[PDB]
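As a starting point, one isolated chain is supplied in C-alpha cells, in the form deposited in one PDB entry.
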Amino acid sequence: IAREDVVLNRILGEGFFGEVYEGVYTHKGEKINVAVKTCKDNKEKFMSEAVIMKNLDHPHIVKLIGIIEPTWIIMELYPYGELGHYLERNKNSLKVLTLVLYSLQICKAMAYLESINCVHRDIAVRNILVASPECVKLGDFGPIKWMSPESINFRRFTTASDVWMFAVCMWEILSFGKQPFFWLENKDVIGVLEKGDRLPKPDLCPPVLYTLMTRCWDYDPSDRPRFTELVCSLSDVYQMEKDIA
C-alpha cells in the first residue's frame, strides 16, 4: 500500500493515538472509502494493534485494508457510523429481532477472539460500526460503567471480564443506546455492584435474554458463561424472535 494511493478528504475525529481521517483508496482502479488512523512505546503499541487487526479476518470485526509503514492504518470505512448513534436515530423502526441479531454478531466476534485468549476491553455500542442495516462490526481494541468488578478494583481484564462487558453492550443495544448506569456517577458504580444490584431489564428485552445477561453479570468470573455458550444461546434467542416475527 502506497500513500499516493490514499487521498485524505476530511477529519473523522480523534482516536486514541492520533487523528482519524476519511478518504479514498485506489491496484485495479477501484475507489475504496477508508478511515485512516494516524499517530502523533505508544508508536510500537499503535503498530501492534494494527498488525493484530491485519491478521483478524472476521465478518463482524472492522476490516483492515492495509498499513503504510507518518504511519497510517488504512481501515475499511463504514459510513453508517457508530452503533449507538444508529440505534437512537432508528429506535422507532428497529425491531427486537434486529437488536438480538446485532448482539449475536458481536458475540460471534468475541467467540473468535476468546479462542486465542485475546481480551478486547471496549465492547460498547460507541465502538461498534454499522456496516449495513443487517451487519455490525466490532471496532478496535481498548469506561467504569461497562467494566466488571475485578477490572474496576484490580485492573484485571480477562475473557470473563469481556463477557461481563459484552452483556453491558447488549443492555445498551436493547436500550437503543442508553448509557449503562446513567443515573449513577462513576464513584458509586462498584458499591452498587458489590451489593448485587445490576442494570435493570430494558423494556424491549425478552426475559430469556435478560436472564442470560444476569449470568454474565455474575460477580464470580469463573461462573460467567463462555462466549461459545453465549453464541449458542443467542442463536437460540434469535431464531425464536424470528419465528415470532
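Only residues modelled in both forms are compared. One rule holds for the numbers: they count along the sequence shown, beginning at 1. Take the two forms, find the largest set of C-alpha atoms that superpose within 1.5 Å, and that set is the rigid core.
Missing here is the form deposited in another entry; even so, the following discussion is about that form.
A 2 Å or larger CA shift between the shown form and the other one, after fitting on the rigid core, occurs at just one of 179, 48, 186, 211, namely 48. Core-superposed comparison between the shown form and the other one: the Cα of residue 225 travels less than 2 Å.
Residues present in both forms were compared between the shown form and the other one after fitting on the core; consecutive runs of three or more with every C-alpha moved by 2 angstroms or more are 1-5, 15-18, 27-30, 41-52.
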